[PDB]
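Here's the letter readout for the chains.
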Amino acid sequence: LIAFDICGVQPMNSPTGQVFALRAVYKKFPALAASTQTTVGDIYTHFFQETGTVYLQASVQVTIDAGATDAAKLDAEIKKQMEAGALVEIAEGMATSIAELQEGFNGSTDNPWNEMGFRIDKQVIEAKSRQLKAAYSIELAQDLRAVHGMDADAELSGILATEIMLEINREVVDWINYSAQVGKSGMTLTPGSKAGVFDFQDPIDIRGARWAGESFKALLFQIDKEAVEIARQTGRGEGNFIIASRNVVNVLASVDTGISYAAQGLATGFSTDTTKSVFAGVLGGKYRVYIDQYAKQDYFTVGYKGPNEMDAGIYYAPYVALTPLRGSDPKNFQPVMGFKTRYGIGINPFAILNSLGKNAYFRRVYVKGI
Amino acid sequence: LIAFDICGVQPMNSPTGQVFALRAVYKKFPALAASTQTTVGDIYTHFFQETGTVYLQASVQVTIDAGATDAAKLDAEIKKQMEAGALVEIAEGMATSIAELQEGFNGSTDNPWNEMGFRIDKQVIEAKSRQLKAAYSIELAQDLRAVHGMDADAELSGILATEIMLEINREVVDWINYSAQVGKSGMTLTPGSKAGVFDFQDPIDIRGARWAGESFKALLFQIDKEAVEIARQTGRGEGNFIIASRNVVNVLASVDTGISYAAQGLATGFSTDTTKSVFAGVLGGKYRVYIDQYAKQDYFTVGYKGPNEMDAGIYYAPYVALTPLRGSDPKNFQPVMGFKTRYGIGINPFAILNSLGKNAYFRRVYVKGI
Amino acid sequence: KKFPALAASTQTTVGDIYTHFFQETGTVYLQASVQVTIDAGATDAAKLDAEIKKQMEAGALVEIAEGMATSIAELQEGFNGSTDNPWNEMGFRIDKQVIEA
């Protein structure tokens, strides 16, 4: 039990109630043109008639066809010079490099200090409750005691307590899958991809892989791609843990030999304790990985978690847990037991209106084809 | 954290300020023809109607069909002799052999007491300063202490120190990737490719590699090609390290075991320490590799670093570091923390503006297809 | 402080404050006590004034002037509470004079 290994806890000693989080704050190149005599290392921006522009670095001090007054002719000369390696391209890189040039030369004593670009802020949380009832009967309880000498209600209580703990852990996962951003999107797309869904039977998603062996590894590859996007947006780091369906976990477990575990002492001893509430292990040796036992379809979500409870992107503050209830239902006089909790949750706002599909600490991907 | 692993330092005792760098200095084989009997070990030139010319070494003293007055027939006889192993084709392996022959043969002591390929020189290093301001609210600090017993400002300081360290090493990398020459060019560019970019989905770049598995290895190969170009131009040997985006590093990490840590300690201990500040590992057992945590888009750079600080290709000479700031601003009476540094940087001359796209110690390539 | 104008057809809502400049005797700031539509056919300022006045007579609309400007200022400032840099001074200068005996 306990899903909080992957969220800030920041337990409250009162409801209502608050948590803290490490929220981050958040080029006029010469055009390449006919007759331009390039200079090695310099970058020119060329507009092709098709597909916009490119940024080209001269490796060769070459004049680009002075008679090419026809953009089409110029485009052809450029393509040839590019094929020849005379002109080469790193688009976003070059934009950065010229900015560095400009800023370096434009430096001035002034007062050019920069801020420690983190809002570092707080949110208010109500210790929202959850609860369950035993909904059991005397014929059962009477017989459990009469037949096995069983403590009857005590077991029903143990089941019920387990169930509420599992249900809250499920809720933690549901919130992650609520607030997580759509993965396999934007920066994490393969140009020929299906936008947000990983299909193990699809040559693009599996990157041409053969059999299950490589298709399974290809999923792990997409997972690393997602982990990076988390790092990029959060400014905190690569996703550190994964929540995924039984199908996905079993798939991932088939690779890297010793990443996910069965808690194999279990099978060895003939089901000594199934502990179906725990982390499988560490995926790739890098991601703490847990099974979403209630996965609705089939999926995985990659998330980040630092040692600092303010560095989770999601929080759970267990003010109250397992408070028992006792009574009966006069409609049939059947006995009543139950358990309630109070905790309060929240996320890094990044602006639950601002939570849905917006939380930079998590990327959610739909899985098909297993 | 520091990125000194790949820089010369020669720390300053005064600003402006200077460091030293190892500024570098900066054949008609007789034609094979119809009726000619070859001499074993000798080499002849032959231009085939298709393919063109190669140098052919005789293993057999064979007359090449005196009746082959038809170039097509002559090519055919030669082809047969090649199949026979009588004539074996090589291009530069032979061009050098003839140059060596000629140099030996017409050699004379003369007076070639030429200089080593060096000049050695020095640059003036301005201890450019950088300042980071915590810019935090007192209310936050009060609540962190009041709510969780947190040290607040002390912790904000830890963030601050970390951020300035990150900014400094980030800057070092930005200059590397400004002075680096664009790779996947010249000697390292296949004529049919994309000039400056390695696309993992492109059969030319991936050398026909099957799926992501082999495509990933194909990049590793391109890295060796870039490493060699560095050796060719610098004369100090091949690239020794890699600076690369999180996508590239994760890709490289998928092969050959020792490429990177998995940050397994983090996951193993339940989110203890992400340690995202040090070299990932060694690519192929050859290139010391580290993540550019601020990569703008996706790219990698291969670079050389000698044990002699003067052989780094880039210099960082810390003068002042992590000097703390304490103060406040009465207009809102907010407390102030911050840090100053002074260091100064430089690049092997290769003759800001004087380093852009010129530095042979590094080769930068844009990445697509991950 | 830029109260919404009261106008024909407007359904005023209780507690909300509207501004209305009458053809005669300047303006008022009216707080709805009753949710009500101000004669949608009153496109004639003369009619609109008559309707607003009628609603005022009805007790539907009640005026206070600076008292409401103060409340809306609080509304706005409260919602916009932040650090500009804003600290306010103790509202005193405290000074001295030289006097001969």
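Residues numbered from 1 in each chain as written, not as in the entry; some residues may be left out. Chains lettered and ligands numbered in written order. Part of a larger assembly, values for the part shown. Heavy atoms only, no water.

In the PDB archive, cryo-EM is given as the structure determination method for this entry, at a resolution of 5.1 Å.

## Considerations on the overall build of chain A
The condition is simple: Secondary structure counts use DSSP, requiring at least four H or I residues in a row for a helix and at least two E residues in a row for a strand, with both numbered from the N terminus. Every radius of gyration here is taken over C-alpha atoms, with the globule rule written as 2.2 Å times N^0.38, N being the number of residues. Buried means the residue's accessible area, taken with a 1.4 Å probe over protein chains only, is under 20% of the maximum for its type, while exposed means over 50%, and partly exposed covers the values in between. Positive charges come from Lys and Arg, negative ones from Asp and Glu, while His and the chain ends are left out of the count. Note on charges: their place is set at NZ of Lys, CZ of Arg, CG of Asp or CD of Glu.
Assigned secondary structure in chain A consists of 7 helices and 18 strands. The C-alpha atoms of chain A give a radius of gyration of 29 Å, which is well past the 21 Å a tight globule of 370 residues would have. Dimensions along the principal axes, computed over C-alpha positions, put chain A at roughly 100 × 55 × 35 Å. Evaluated residue by residue, chain A yields a buried proportion of 50% over its 370 residues. For chain A, the centre of its 35 positive side-chain charges and the centre of its 40 negative side-chain charges are spaced 4 Å apart.

## What about the interface of chain B and chain A?
What counts here: Residues count as neighbours in contact if any of their non-hydrogen atoms are within 4.5 Å of one another. Here the quantity called buried area is the total loss of accessible area, with a 1.4 Å probe, experienced by two parts when brought into contact, counted for both. Here a salt bridge means any side-chain nitrogen of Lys or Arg lying within 4 Å of a carboxyl oxygen belonging to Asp or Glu. Identification of polar contacts relies on pairs of N or O atoms within 3.5 Å, with a donor-acceptor requirement for protein atoms, meaning one able to donate a hydrogen and the other able to accept it, and with residues adjacent in sequence counted only if both atoms are side-chain atoms.
With 60 residues of chain B at the interface, the matching set in chain A holds 61 residues. Taking both sides of the interface into account, the surface hidden between chain B and chain A amounts to around 5,300 Å²; carbon and sulfur atoms contribute 64%. If you look at where chain B meets chain A, you find 3 salt bridges. A salt bridge links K276 of chain B to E238 of chain A, with the shortest nitrogen-to-oxygen separation between them at 3.7 Å. Counting every contact that joins chain B to chain A gives 15 residue pairs in polar contact.

## Some remarks on the nonpolar core
The line we're drawing: Only buried residues count toward a nonpolar core. Its members are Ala, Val, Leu, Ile, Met, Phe, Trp, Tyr and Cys residues joined through side-chain atoms within 4.5 Å.
Formed by 133 residues in total, the largest nonpolar core has its most connected members in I223, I242, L283 and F300 of chain A together with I223 and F300 of chain B. Looking at which element gives the most residues to this core, the answer is helix 4 (residues 153-179) of chain B, with 9 residues. Ranked by size, the runner-up nonpolar core spans 29 residues in total, among them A68, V88 and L101 of chain A together with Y366 of chain B.

## Some thoughts on the sheet that holds strand 4 (residues 87-89) of chain A
Residue and element names in this part refer to chain A. Put simply, the rule is: Any two strands with at least two DSSP bridges between them are considered paired. A fitted line through C-alpha atoms represents every axis, and for helices the fit uses only the stretch in contact; the resulting angles, taken between N-to-C directions, go from 0 to 180 degrees.
Pairing is antiparallel across the open sheet formed by 3 strands, whose spatial order is 2-3-4. A strand with exactly one partner marks an edge of an open sheet, and here the two such strands are strand 2 (43-47) and strand 4. Each neighbouring strand pair of the sheet contributes to a mean axis angle of 45°, computed without reference to strand direction. When strand 2 meets strand 3 (residues 53-58), the two strands line up antiparallel, connected through 5 bridges. Across the sheet, residue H46 finds its bridge partner in strand 3, namely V54. Here helix 2 (residues 91-105) sits on the sheet in contact with strand 2, strand 3 and strand 4, set at roughly 65° to strand 3.

## Quick notes on the layout of surface pockets
The condition is simple: Only protein atoms enter the calculation, which uses a 1 Å grid: trapped sets of points that fit a 1.4 Å probe without letting it out are cavities, open sets showing protein on both sides within 12 Å along at least five of seven lines are pockets, and any residue with an atom within 4 Å of a point is a lining residue. Grid points are joined across faces, edges and corners, and a volume is the space filled by probe spheres set on the points. When residues are sorted by character, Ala, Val, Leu, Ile, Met, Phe, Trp, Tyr, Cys and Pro go into the nonpolar class, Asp, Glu, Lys and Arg into the charged class, and all the rest, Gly among them, into the polar class.
A volume near 730 Å³ is recorded for the second largest pocket. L220 and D256 of chain A together with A253, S254 and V255 of chain B are the residues nearest the centre of the second largest pocket, which is lined by 27 residues in total. Elements represented by at least two residues in the lining of the second largest pocket include exactly helix 5 (211-234) of chain A together with helix 5 (211-234) and helix 6 (246-253) of chain B. A total of 6 residues in the lining of the second largest pocket trace back to one element, the largest contributor, which is helix 5 of chain A. Looking at the lining of the second largest pocket, its residues break down into 13 nonpolar, 8 polar and 6 charged.

## Focus on the packing of helix 2 of chain A against helix 4 of chain B
Definition in use: To sort the angles, those under 35 degrees are grouped as roughly parallel, those over 145 as roughly antiparallel, those from 65 to 115 as roughly perpendicular, and the leftovers as oblique.
As a packed pair, helix 2 of chain A and helix 4 of chain B sit with axes 9 Å apart at the nearest point and diverge in direction by 110°. Here helix 2 of chain A is positioned roughly perpendicular relative to helix 4 of chain B, judged by the angle of their axes. For the pair helix 2 of chain A and helix 4 of chain B, contact is made by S97, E100 and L101 of chain A and by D174, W175, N177 and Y178 of chain B, respectively. The residue inventory of the contact of helix 2 of chain A with helix 4 of chain B, partitioned by class, reads 3 nonpolar, 2 polar and 2 charged.

## What to know about the sheet that holds strand 2 (residues 43-48) of chain B
Residue and element names in this part refer to chain B. Read across the sheet, 3 strands follow the order 2-3-4 without closing on themselves; strand pairing throughout is antiparallel. The strands lining the two open edges of the sheet, one partner per strand, are strand 2 and strand 4 (87-90). On average, each strand axis in the sheet is tilted by 40° relative to the strand beside it, whichever way the strands run. Pairing analysis gives 6 bridges linking strand 2 to strand 3 (residues 52-58), with the strands arranged antiparallel.

## Considering the interface of chain C and chain B
Counting residues at the interface gives 4 residues for chain C and 5 residues for chain B. Where chain C abuts chain B, roughly 410 Å² becomes buried across the two surfaces, and 52% of that area is made up of carbon and sulfur atoms. Seen at the junction of chain C and chain B, the total is 3 residue pairs in polar contact. Considered class by class, the residues forming the side of chain C that touches chain B number 2 nonpolar, 2 polar and no charged.

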